[PDB]
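Undergrad: an experimental structure, sequence included, is below.
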Amino acid sequence: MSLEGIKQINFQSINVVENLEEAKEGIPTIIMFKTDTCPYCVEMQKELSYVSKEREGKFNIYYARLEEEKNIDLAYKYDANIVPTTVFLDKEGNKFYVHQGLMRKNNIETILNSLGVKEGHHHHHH
């Protein structure tokens, strides 16, 4: 939430990453492209929190802020021209499904299921 600012913004965003620089491979990668100031981002973030609640350690959620330079090429590489551009990638980053527009937990979650989310088999059984 809105605290610290330095490197603790993701206190509500679990399974998420600041940038691909922090993101890794193996676990399927979901890229949501967002401008600096965007309300729809927050709405989808909390939805993502719900998804992460039902899916601990399986995929990574990359918040692709248009605030940086890397997301210029990143944007076009993943067909991002509207916020939020949600592109669903499988384990190695196979761009399977892009969706430009807001969604909900169920629908996001179903698309992950459509990718496969194969890796991420590090989930505590209890």
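TA: Yes, it's here. Residues are numbered from 1 along each chain as shown.
Undergrad: so which residues of the chain form strands?
TA: Using DSSP state E, the strands found in the chain span residues 16-17, 29-34, 60-65, 85-89, 95-100.
Undergrad: mind listing what residue 3 touches?
TA: By C-beta atoms under 8 Å, 6 or more residues apart in numbering, the residues touching residue 3 are residue 11. C-beta coordinates here come from the backbone N, C-alpha and C atoms, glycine included.
Undergrad: count of residues packed around residue 14?
TA: For residue 14, the neighbour count with other C-beta atoms under 10 Å is 15.
Undergrad: do the same with residue 9
TA: With other C-beta under 10 Å as criterion, residue 9 counts 15.
Undergrad: now it: how far from residue 16?
TA: As judged by C-beta to C-beta, to the nearest Å, residue 9 and residue 16 stand 10 Å apart.
Undergrad: for the nearest residue to residue 108 once chain neighbours are set aside, give its distance to residue 75.
TA: Leaving aside its sequence neighbours, residue 108 sits nearest to residue 51 (C-beta to C-beta, 6 or more residues apart in numbering; 5.5 Å). Per C-beta to C-beta, residue 51 is found 23 Å from residue 75.
Undergrad: with residue 62 instead?
TA: Taken as C-beta to C-beta, the span from residue 62 to residue 75 is 12 Å.
Undergrad: of these two, give the one with the bigger neighbour count.
TA: Neighbour count, other C-beta under 10 Å: between residue 62 and residue 75, residue 62 has more, with 23 against 16.
Undergrad: correct me, but that one touches residue 32?
TA: Yes: judged on C-beta atoms under 8 Å, residue 62 makes contact with residue 32 at a distance of 7.0 Å.
Undergrad: contacts for stretch 87-104, please.
TA: 25-33, 40, 43-44, 47, 78-86, 111-112, 114-119.
Undergrad: from residue 42, how far out is the closest residue to residue 91 other than its chain neighbours?
TA: In space, and not counting its chain neighbours, residue 91 is closest to residue 119: 4.5 Å by C-beta to C-beta, 6+ apart. As judged by C-beta to C-beta, residue 119 and residue 42 stand 29 Å apart.
Undergrad: ok, those two, which is more surrounded?
TA: Per other C-beta under 10 Å, whichever of residue 119 and residue 42 has more neighbours is residue 119, with 15 against 11.
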